[PDB]
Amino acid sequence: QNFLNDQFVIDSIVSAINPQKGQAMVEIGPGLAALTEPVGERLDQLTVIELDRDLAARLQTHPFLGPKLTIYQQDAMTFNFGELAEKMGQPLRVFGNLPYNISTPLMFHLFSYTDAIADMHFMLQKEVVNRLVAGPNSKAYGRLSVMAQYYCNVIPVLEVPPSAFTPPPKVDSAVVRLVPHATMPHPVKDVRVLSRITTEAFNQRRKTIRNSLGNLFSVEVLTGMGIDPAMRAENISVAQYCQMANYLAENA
């Protein structure tokens, strides 16, 4: 719905993405081709996922983009990216102006394909980008920071005012780059457990982890790991959360 319309902003995003011939790029929500056109001009082929049948039909008749485009008229939420990576024969460079509504579930959907994604460049609500990148001991640090950082290097790109879109959104936007780790810095036996620990910790972020994770870790276990039970969810590092996930897997 909120179509990117500012030319300078557009140029700045294209410059950041830096599409190169030979890369397999996939846009989620090409819309009115604000990014599709300039990105596609640098490529021989380009894949898009577009739910609006009206706008998809306009891409197909673009004289230069058309011949280059593979258009999937489906929902990205349940799109099999892992299978698309197999077809393109290489990890995917994903990009797009994402609707605020689906942005967080889509990111987790993409994260689950690990290896299959080279990188991601998404427009999101600015506060979402701040959480994604946040480190411990700050307000923005939460479960999303930890999960997102387990999977990826999180790289803020641009902040974008409402006036850059037509119609304008109600809140500031930002572009973030997400790069799945080539080498996972803190591997976890089973991610569902990491997901569970962070949910429990952050659902009670104004309590010490002694209290919020007391159903899962004794004070002795926490002390043994070098984790201070007087600390709260937001004081615990990504590394420590992963150490807790592995413990709970190697011991329960």
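Residue numbers run from 1 along the displayed sequence.
S.K.: So which stretch wins on mean C-alpha B-factor, 181 to 189 or 40 to 48?
M.R.: Higher mean C-alpha B-factor: 181 to 189.
S.K.: Among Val160, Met88, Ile102, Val94, which residue carries the highest C-alpha B-factor recorded in the PDB entry?
M.R.: In this record, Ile102 carries the highest C-alpha B-factor of the candidates.
S.K.: Sort the modelled residues of this chain by their C-alpha B factor and say whether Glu127 lands in the lowest, middle or highest third.
M.R.: CA B-factor rank for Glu127: middle third.
S.K.: Considering only modelled residues of the same chain, in which third does the CA B-factor of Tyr141 rank: lowest, middle or highest?
M.R.: It belongs to the lowest third of the chain when residues are ordered by C-alpha B-factor.
S.K.: Taking the chain's C-alpha temperature factors as the reference, tell me which third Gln73 falls into: lowest, middle or highest.
M.R.: Highest third of the chain for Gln73's C-alpha B-factor.
S.K.: Report the third (lowest, middle or highest) to which the CA temperature factor of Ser12 belongs, ranking only the modelled residues of the same chain.
M.R.: Within its chain, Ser12 is a lowest-third residue by C-alpha B-factor, going by the deposited values.
S.K.: Once the chain's modelled residues are ordered by C-alpha B factor and cut into thirds, is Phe111 in the lowest, middle or highest one?
M.R.: Middle third, going by the recorded CA B-factors of the chain.
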